[PDB]
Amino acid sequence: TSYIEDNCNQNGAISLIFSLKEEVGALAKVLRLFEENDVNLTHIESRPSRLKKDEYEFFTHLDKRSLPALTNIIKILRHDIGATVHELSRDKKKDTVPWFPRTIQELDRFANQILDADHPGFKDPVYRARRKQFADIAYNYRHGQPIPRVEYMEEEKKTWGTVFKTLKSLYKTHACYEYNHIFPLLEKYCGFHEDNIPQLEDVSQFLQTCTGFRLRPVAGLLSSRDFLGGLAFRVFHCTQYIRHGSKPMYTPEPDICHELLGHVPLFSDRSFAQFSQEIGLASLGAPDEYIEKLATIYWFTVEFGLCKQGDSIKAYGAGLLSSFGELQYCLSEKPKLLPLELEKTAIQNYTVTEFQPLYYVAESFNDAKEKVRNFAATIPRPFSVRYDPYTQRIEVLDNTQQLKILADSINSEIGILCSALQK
């Protein structure tokens, strides 16, 4: 499978999800309680609760180095004060919700936690000397920055040239509509020629010009939780390296072309973007088991999905649209095609290298979105999630908070629509 079990750092990450009502002593109480225990107060951030006017939300920017007193604080918090605390832990210790980044800026803690001799071009010291350099670029990037741009060598340029020569000529009849729609634009705007390599930054900015989707330089393949969690933030982690000039149509681990020809152009569609994003949102705080299940879904859908299209069936898989041979295989009559169903799609085993025998076809991305949200209602976590586009932080919602926020949001949509009724 494509599931990669997740890791941790020795310091770790112990966050405390809790909101607090402006009670007698409260905001003084908490921050003094922390600075008595040596906890830095650059790391105890509090902002208001966007729902109950009289409450705040608290973000604790910590690690396991605070353990000699982190017990005690929790002790006082849940039982001496009466604040509902959920602890995020990356070590996945005693019945502790699995850690995840909480703001779009917290992605830098565990973004470099990725990656055999048989790699194509292995005994070439040149390709490896280039590969550690590109990993370095991902090692030094911090959120907010523009992606540092690299002049690509030319042998790599014609590797892309060949792959593009094949795939372009073959997309017009193989790719989904939303791909033939975006791709001419990428060509004329970003530098998506068969004779030119685009820089990650420009593509990032274009995807933000279409959907607010962002490209983040990652050295390699991250653990499923981190990958799908970053996708929650409308952030796609992508690679900067190319395949070897010897074998331009096989890579065991995804390269520049897989993203630019498999993922990105569809990331320029809002319907598909939100589709992927909802899965992202659902991935966080989820059990490792359900992360295996998410990985399975992602594979048979994002990486290798098909879409019903009025008259045709077409491929929206990112591995489908990036691998010339399997893009031939896919619409051939060989493989299996059935209307997508997650009850089975999760319980669907697959292979990593071999051409995937069976495929699953959606109606439109939005129906798949509905289905994803449905399955999200199945993942067991003692709270809900929903993403804030402006603040770029994930609203962790409880019983009472889901209610007023959805209520009034739909009220505003209701108002604008009721005015749309008056022509």
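Note that residue numbering begins at 1 and tracks the sequence as displayed.
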If you count the residues of the deposited sequence that sit between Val126 and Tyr127 but have no coordinates, do you get none, 1 to 3, 4 to 9, or 10 or more?
-> none
Looking at the deposited entry, does 28 to 36 or 387 to 395 carry the larger mean Cα B-factor?
-> 28 to 36
Stretch with higher mean Cα temperature factor, 306 to 314 vs 323 to 331, is 323 to 331
Among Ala273, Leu294, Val85, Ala117, which carries the highest Cα B-factor?
-> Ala117
Kindly indicate the residue among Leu41, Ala376, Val361, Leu62 with the greatest C-alpha B-factor in the PDB record.
-> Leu41
Pull the Cα B-factor of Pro146 out of the PDB entry and bin it into the chain's lowest, middle or highest third.
-> middle
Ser419: CA temperature factor from the record, placed by chain third, in the highest
Going by the entry, which third of its chain does the Cα temperature factor of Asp226 land in?
-> middle
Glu370's Cα B-factor: lowest, middle or highest third of the chain?
-> lowest
Chain thirds of CA B-factor: placement of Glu341 | middle
